[PDB]
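S.K.: 3D model of this:
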Amino acid sequence: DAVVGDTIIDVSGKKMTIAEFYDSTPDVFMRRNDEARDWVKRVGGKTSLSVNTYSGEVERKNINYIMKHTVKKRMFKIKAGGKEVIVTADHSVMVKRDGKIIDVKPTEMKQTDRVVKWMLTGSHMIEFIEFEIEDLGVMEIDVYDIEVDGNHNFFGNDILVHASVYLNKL
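M.R.: Numbering: from 1, shown residues only. The relevant structure is shown in the block below.
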């Protein structure tokens, strides 16, 4: 589960696509299987924006890992505030539901849910906004994820999505 490679992310305050960020990251592999088309790289010295789901505050946190997998999966577009993010069906988007920020699959969203969108104006850095969903069908596609320390979410095209955690198990 992940987002598409053209998704724009914050890397230490600069903007780039997540695929560009993956390609720019040195080949320090935590996991590599070319046949399964599955890669995890360690990241050093980079941060991104996230939301603390307990305090509700935006926090800048270290990026620990970046992942790339080529998948054949059902894809959904989340549209909110003139921005959009394309995610796999198995990947969680963050929503404000009943006063709490939680992770939900694109197939399980409610009409009363709101997505969390980055803001360029006003005293608040985020807004909770109505949204639409579009089913893009099944695609064979490179998808990417980052592990964000502590908060396990990140903004893709200004929309908050759940991050993966790679547990460095062994």
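
S.K.: just checking, residue 50 touches residue 147?
M.R.: No. Contact between residue 50 and residue 147 fails when scored by CB atoms under 8 Å: they sit 10.8 Å apart. Heads up, the C-betas are built off the backbone N, CA and C, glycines and all.

S.K.: so what's in contact with the two at the same time?
M.R.: Common neighbours of residue 50 and residue 147, using CB atoms under 8 Å, 6 or more residues apart in numbering, are residue 163.

S.K.: Looking at these two, which one has more neighbours?
M.R.: residue 50 (26 against 22; other CB atoms under 10 Å).

S.K.: Now do that one against residue 155, distance only.
M.R.: Taking CB to CB, to the nearest Å as the measure, residue 50 falls 8 Å from residue 155.

S.K.: Specify the local secondary structure of the residue nearest the centre of the chain.
M.R.: Compute the mean C-alpha point of the chain, and by CA atoms, centre = their mean the closest residue is residue 161, 4.0 Å away. What DSSP: H, G, I helix; E, B strand; the rest coil gives for residue 161 is strand.

S.K.: burial count for the nearest residue to it once chain neighbours are set aside?
M.R.: Leaving out its chain neighbours, the residue that sits closest to residue 161 by CB to CB, 6 or more residues apart in numbering is residue 93, at 5.3 Å. Residues contacting residue 93 under the criterion other CB under 10 Å number 28.

S.K.: repeat for the one 10 residues further on
M.R.: Here the neighbour count serves as a burial measure; for residue 103 (other CB under 10 Å) it reads 16.

S.K.: Which of the helices or strands spans it?
M.R.: strand 100-104 (DSSP states H and E).

S.K.: just to revisit the earlier point, thought residue 101 was touching the residue nearest to the centre of the chain, still the case?
M.R.: No. When contacts are counted by CB under 8 Å, residue 161 is not listed as touching residue 101 (12.0 Å).

S.K.: Now do the shared contacts for the two.
M.R.: residue 94.

S.K.: that's a helix at residue 23, yeah?
M.R.: Yes. Residue state for residue 23 (three-state DSSP) corresponds to a helix.

S.K.: related to what we said a few turns ago, list the residues that contact the residue nearest to residue 161.
M.R.: 78, 85, 87, 103-106, 109, 115, 159-162.

S.K.: What of residue 157?
M.R.: 7-8, 83-85.
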